[PDB]
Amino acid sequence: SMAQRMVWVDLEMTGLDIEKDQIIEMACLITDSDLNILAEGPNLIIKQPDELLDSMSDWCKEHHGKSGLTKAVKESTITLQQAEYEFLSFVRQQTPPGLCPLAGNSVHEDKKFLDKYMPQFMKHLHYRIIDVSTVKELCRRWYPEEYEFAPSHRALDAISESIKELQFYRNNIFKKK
């Protein structure tokens, strides 16, 4: 039951460089094994210095500017430690320790950034992941017709769409019972 819950997480960062870039937005949801959303967790924008934001890549600067994320990061007073406190408290109240997997689209990158910057949060979770993008690639290869009809760079919207994408895959390309 609770051991089969999933911890869905999406991150927005200043870039892909794990050695230099930081987390600027994070959202978390808790679903059961049937993808029913059980709990909506914190949706936080994490304060980061102005120099890193002004030094972002062209893709990151353009997109995080058009979405208003850069201005929100400039506006935020939430540190990385406070964000980890909130997320750790949420998952500790929602999941049993060490049994539930991270979930999302290409969530291995999010797992890299969380292992580096939120290690206690990741210590609460299982080591396996549920990568929706794996199912996406398998659907693109084996079910192109269904893939064509499958369903803002902000964390909450992205993770909601990830859950819906996996639900579409289960409804359309997995064996009916």
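We number the residues from 1 along the sequence you see.
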| query | Is it true that residue 22 goes unbuilt in a third or more of the other compared entries of this protein? | reply | yes
Does at least a third of the other compared PDB entries (those resolving both flanking residues) leave residue 51 without coordinates? yes
As the entry stands, the deposited residues without coordinates between residue 151 and residue 152 add up to 4 to 9
Taking the deposited Cα B-factors and averaging over 80 to 88 and over 101 to 109, the higher mean is found in 80 to 88
Assert higher mean C-alpha B factor (140 to 148 or 116 to 124, deposited values) equals 116 to 124
Highest CA B factor of 35, 29, 132, 56, as deposited, is found at 56
Of the residues 155, 18, 13, 166, the one whose Cα carries the largest B-factor in the deposited record is 18
On the chain's distribution of Cα B-factors, residue 5 falls within the third called middle
